[PDB]
Structures are given as C-alpha cells and as structure tokens.
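Written out below as structure tokens is the structure these notes cover.
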Amino acid sequence: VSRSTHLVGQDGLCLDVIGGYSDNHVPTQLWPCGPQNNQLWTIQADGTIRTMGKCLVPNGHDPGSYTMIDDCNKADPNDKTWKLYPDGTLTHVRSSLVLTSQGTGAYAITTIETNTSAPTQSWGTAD
Ligand SMILES: CC(=O)N[C@@H]1[C@@H](O)[C@H](O[C@@H]2O[C@H](CO)[C@H](O)[C@H](O)[C@H]2O)[C@@H](CO)O[C@@H]1O
C-alpha cells in the first residue's frame, strides 16, 4: 500500500523540494523538517516516490547525478524506480546508486552516489 511520510536524513533534516515549487526539474535538498507539502513523500508499491504529484528522479544515472522532481509520465521506469530498505538505504534501482545528502546547510542538493554506507546515505520514515 502507498505510505505518505517524511524522508529523514542526516542530523534529522528532511528531504525537501527547494522553495516548495512543484515545477518539473526542481532539485531536492535537506531542510529542517516541517509540515509543508514539499516534505511529504508517498512511497508507492510501483517503486515511485512522489511529492506534490511529481516523482523523485535523478538527473542521470551516474555517481554524482543530482536528484529532483519530474512528471511521473515524463519518466521511464529506470528514472523513477526506487527501493527503500529497512536499514535506511534508498536505492535507485536501475543504477544501484543510493540517495546521498551533501550537507545540512541551505541548498545542499542531494545526489545519487556509490554506496559507502555513509551517514549521508541513511533515510528513515517518520509521520
Ligand atoms: C516567492 C517566494 O518567496 N516563495 C517562498 C517559498 O519558496 C518558501 O518555501 C520554502 O523554501 C525553503 C528553501 O528556501 C524550503 O524549500 C521550504 O520547505 C519551503 O517551504 C516560503 C517559506 O520560506 O516562503 C515563500 O513563500
């Protein structure tokens, strides 16, 4: 079943669409957690992760590719399919790369990177 949640990463900050804008290609970052819609993510059985009607996708499939939101219908399965493991690893299924934070200061855009089991690579769910 789909579950709506916050995605909580390094230092208890939340995955956040910068500025709250739902336009295609707006990047994601870490931001102090709050009730705003751009921090509410729906994990679906189809493998997508959605906010504001859009899908989390990397802009590419290589280490260091940033993540952003995009139209779920302007995305192929490779772009939009993720798997959140119980230990916190959030894997981009096609590439096997993992969602990785790049700082807790403002506008630190998240990327997909080779898994190093870093503290920047562990994502928890919370109501
Ligand atoms: C036009 C304008 O100034 N809009 C802003 C919003 O963009 C802003 O939304 C927040 O932006 C931060 C990043 O700076 C986070 O993404 C946060 O989750 C958003 O809520 C709001 C609040 O600062 O202020 C204006 O509305």
Side-chain angles (χ1 to χ4, degrees), residues 1-2 4-127:
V1 57
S2 295
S4 295
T5 189
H6 308 304
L7 283 165
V8 183
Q10 185 110 151
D11 296 345
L13 279 75
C14 278
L15 190 66
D16 175 289
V17 185
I18 182 158
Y21 295 108
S22 62
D23 303 84
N24 293 333
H25 314 119
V26 179
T28 60
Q29 65 172 344
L30 282 182
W31 197 258
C33 298
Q36 54 264 46
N37 61 340
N38 59 302
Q39 287 187 11
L40 272 175
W41 294 92
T42 299
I43 304 180
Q44 314 204 350
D46 67 359
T48 62
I49 299 182
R50 310 195 187 198
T51 187
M52 305 185 287
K54 299 288 182 84
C55 275
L56 180 69
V57 296
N59 194 48
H61 48 267
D62 305 316
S65 298
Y66 69 95
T67 65
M68 60 189 182
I69 54 166
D70 207 352
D71 188 323
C72 300
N73 285 102
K74 286 159 123 132
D76 292 349
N78 281 5
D79 298 308
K80 64 184 163 186
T81 304
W82 298 87
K83 182 161 183 174
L84 180 63
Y85 289 91
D87 84 329
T89 299
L90 179 41
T91 296
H92 178 250
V93 172
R94 165 67 184 187
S95 69
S96 290
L97 301 169
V98 306
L99 189 66
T100 306
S101 58
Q102 299 295 342
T104 58
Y107 325 133
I109 293 174
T110 61
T111 62
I112 52 168
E113 301 292 342
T114 298
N115 195 359
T116 62
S117 289
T120 56
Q121 297 177 325
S122 186
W123 301 88
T125 59
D127 291 324

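FYI, side chains are in, hydrogens and waters are out, and symmetry mates aren't considered; it's all heavy atoms of this structure. Whatever order the structure lists them in is the order used to number ligands and atoms, beginning at 1. Along the sequence shown, residues are numbered consecutively beginning with 1.
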Chain-and-number sorted residues having a heavy-atom contact under 4.0 Å with ligand 1 are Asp16, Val17, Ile18, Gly19, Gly20, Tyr21, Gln29, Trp31, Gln36, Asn38, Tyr107
Those residues at least two apart in sequence (or on a different chain) that pass side chain to side chain donor-acceptor pair (under 3.5 Å) with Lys80 are none
Here the gap from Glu113 atom CD to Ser101 atom OG, rounded to the nearest 0.5 Å, amounts to 10.0 Å
To the nearest 0.5 Å, atom OG1 of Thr28 lies from atom CD1 of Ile109 at 8.0 Å
Sequence neighbours excluded, the answer for side chain to side chain donor-acceptor pair (under 3.5 Å) partners of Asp70 is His25
- Query: Within a strict 4.5 Å, meaning less than it, do heavy atoms of the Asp11 and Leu30 side chains meet?
  - Reply: no
Hits for ring pair (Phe, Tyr, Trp, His ring centres under 6.0 Å) against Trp82, two or more places apart or cross-chain, chain-then-number order -> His92
